[PDB]
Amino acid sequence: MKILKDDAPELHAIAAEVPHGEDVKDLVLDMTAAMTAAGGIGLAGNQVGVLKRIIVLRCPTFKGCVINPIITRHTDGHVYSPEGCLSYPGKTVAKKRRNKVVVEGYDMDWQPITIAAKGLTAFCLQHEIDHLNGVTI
């Protein structure tokens, strides 16, 4: 796998929902390995040229993948979140984020999962889900 250059069109494209039960274990393994090899804590399909709704995270309160992630709950208003991104080396942006979120989706074995997160972990979930919608910092 390769983390695509900052001018890759995939970064603006929409990731396709994964058909329920599709075997994506190798994809998840590859994305996880690319994320850690590059020293990151989050990665989305688009960033490695995989236009599928898959994110991987290595965050303080969640480590693993989410397939077909959706945000189902969040706190009102916003807080400041300084963020970088493996697709944009050297760039940090002060983003407005929800302080707390609930994310729902599937793990690699297609077990339904629910992730309640605050602070850094919540910011990462928002950032990575944004990627699947072609939204970048």
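Residue positions are given as counts along the sequence shown, with the first one as 1.
Note to self: Test of understanding: from the entry's C-alpha B-factors, which stretch has the higher mean, 74 to 82 or 40 to 48?
What the structure shows: Averaging CA B-factors over each stretch, the winner is 74 to 82.
- Query: When the C-alpha temperature factors are averaged for each of 107 to 115 and 61 to 69, which stretch ends up with the higher value in the entry?
  - Reply: It is 107 to 115 that shows the higher mean C-alpha B-factor.
Q. Checking the entry, which one of 99, 92, 32, 87 has the top C-alpha B factor?
A. When the deposited C-alpha B-factors of 99, 92, 32, 87 are compared, 99 is largest.
In terms of CA temperature factor as recorded, identify the highest of 11, 129, 24, 15. Checking the PDB record, the top C-alpha B-factor among 11, 129, 24, 15 is at 24.
Point to revise | Third of chain Cα B-factors occupied by residue 3 | key: Middle third by C-alpha B-factor.
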